[PDB]
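The chain below stands alone, shown as C-alpha cells; this is the form solved without this ligand.
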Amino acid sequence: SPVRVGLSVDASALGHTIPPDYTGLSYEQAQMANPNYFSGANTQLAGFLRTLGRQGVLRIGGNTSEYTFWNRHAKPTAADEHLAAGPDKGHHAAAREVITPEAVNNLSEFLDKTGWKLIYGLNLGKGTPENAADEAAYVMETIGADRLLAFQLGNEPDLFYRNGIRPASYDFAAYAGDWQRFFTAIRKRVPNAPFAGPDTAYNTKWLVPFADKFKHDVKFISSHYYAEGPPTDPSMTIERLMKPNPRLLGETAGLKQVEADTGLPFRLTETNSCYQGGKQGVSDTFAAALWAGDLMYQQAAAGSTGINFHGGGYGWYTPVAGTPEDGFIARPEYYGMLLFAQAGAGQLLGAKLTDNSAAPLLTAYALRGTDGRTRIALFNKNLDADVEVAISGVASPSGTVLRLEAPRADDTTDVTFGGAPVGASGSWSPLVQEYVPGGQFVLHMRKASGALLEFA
C-alpha cells in the first residue's frame, strides 16, 4: 500500500563535489593512553576504517582532551594497556590520563595502515602552552605534515564552565587570549603547524568571532552537532530523529556565511545523535543508520568538507564498538556510513521529490560519481509509510539497488546492507543482486529503510 512519489534527477543542476576524505570518525583523547588502540597491530579497527573510506579523517579530542597530559618522559602503565575510552558522558570530570611517545608512534602506524588523515586535540583547558608545543612537535615529527590535517586548541571551549574547567566569566575574549598564547608557543616549536577551531557547535558568541579574529591562523572552521537539543527540549525519540532539525539548518547556514566572510571551509569534527554518550533505544538502533547516512549527504549538499561521528568503547552511539582484546563490531550507525562509502565521491545533482506530502521524511540525493556513473542514495525515514518512487531524469540500460535494512526501526542488531552484515575487521561484500525495473525506473522501499541505486 505504498505512497507513490516522483523523483526527478537533473544532471544540469550541479551541487557540491564530495571530497574523497569526507568521511570520518571522532574519538576521545583519553584513548591515546592505550598504545594498543590506535596501533598498526590493531588490524581489526583499521579494517573497519578502510571499509568506511579509502580516504577519511580520524579526529581525536572530546571532553577528555582537557584531562589528558602528554609527557615526553612517560611509558604506558599496565592499566593504560587495557583502557577502553568510550565517549565522555559529561556528568563530571574525566580521569587524568597520560599520552606517551609510544602511543604517538603507534598512532602514526595506524594512520599508515588506514590511509586516513588526523585532527589532533591539544590540552588548552588544563595544560600549558609549552607542553602543547612539545606534544605538537612530537606529533608533527612522527605523523608528518602530509597526514596531520589540524591541531585543535580545546574541545567545546564555550562549555568549559559547565564542565568546571573555567570560571563562569570565561567568554570568547578570554578564550581568544588563551588560543593566541597556545598558537604562539606551538608555532615556535612547529612553524608549519596547522590549526582548526573553535571545535564547538555553531554559535554567535564563540564561532563567528573566532573565525573573524583567527581566519589567517586556521585552515578551516570546526563545528559540532548533536541532533538532541538542550536538556529542557522535547526529549529525543526515534520519531524526532527522523524529522528535519531546524537548528541544524540554521547552524549550517551560519557556517556557510562564515565561509563567505572569511574564506574558511567548515568540517563537522564531532557529531552524533544524542549527547552524554548517546541514548539507549535511539542512538544504538537502526534509526541511527538512516539518520547518519542522511546527515552525511545533507551536510555534503550544504558544502561541508567532511564529518566525524563520535564514538569509541561501547558507547551507545559509536559506529564501531570493541577493544583490541575482545574484538570490534559494526554497530547499526556504521551501516549508514557504509552506504555513503559504497556510493563513493562525485558531484551532487538536483533530485526533486514530488507527491510526497504523505511520505515527508523520505530524502534522496543524486550523484555523478567520479567513475562517471549516476548513483542515488534514498532514506525512507517514514516509520509507517512504504514508498514507490518513480524515477525520471536517468537514462541507463540497467540499475541495481543495495538496500539498508532492519526488521524494526529500533533494532539494535539485525542490520544489513546489500543483503549482508559487516563481518570481522570491517569485511563486507554485497550478497543480494536486485535490478530496479525500468525512460524511467520504479523503486519500492519499505518504511524505515535505505537504498543505494547505481546505474550503468
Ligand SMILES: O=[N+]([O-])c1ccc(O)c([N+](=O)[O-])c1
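In this text, the rigid core denotes the largest set of C-alpha atoms whose superposition between the two forms falls within 1.5 Å. One-based numbering along the sequence shown.
The following text describes the form solved in complex with this ligand, which does not appear among the structures shown.
Residues placing heavy atoms within 4.5 Å of this ligand in the entry with it bound fall in a single listed stretch, namely 427-435, out of 44-52, 413-421, 386-394, 427-435. None of the heavy atoms of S39 is located within 4.5 Å of this ligand in the entry with it bound. Contacts with this ligand in the entry with it bound, taken as any heavy atom within 4.5 Å, map within 397-428 to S398, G399, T400. Just one residue from the list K205, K219, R72, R373 crosses the 2 Å line for C-alpha shift between the shown form and the other one on a rigid core fit, and it is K205. Annotation: Cα of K126 displaced by less than 2 Å between the shown form and the other one, core superposition. For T232, the Cα coordinates differ by 2 angstroms or more between the shown form and the other one after the core has been superposed. Superposed on the core, the two forms differ at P246: its CA moves 2 Å or more between the shown form and the other one. Three angstroms is the minimum change: in the entry with it bound, the CA atoms of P198 and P230 sit farther apart than in this structure, by 3 Å or more.
CA of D88 to CA of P76: farther apart by 3 Å or more in the entry with it bound than in the shown form.
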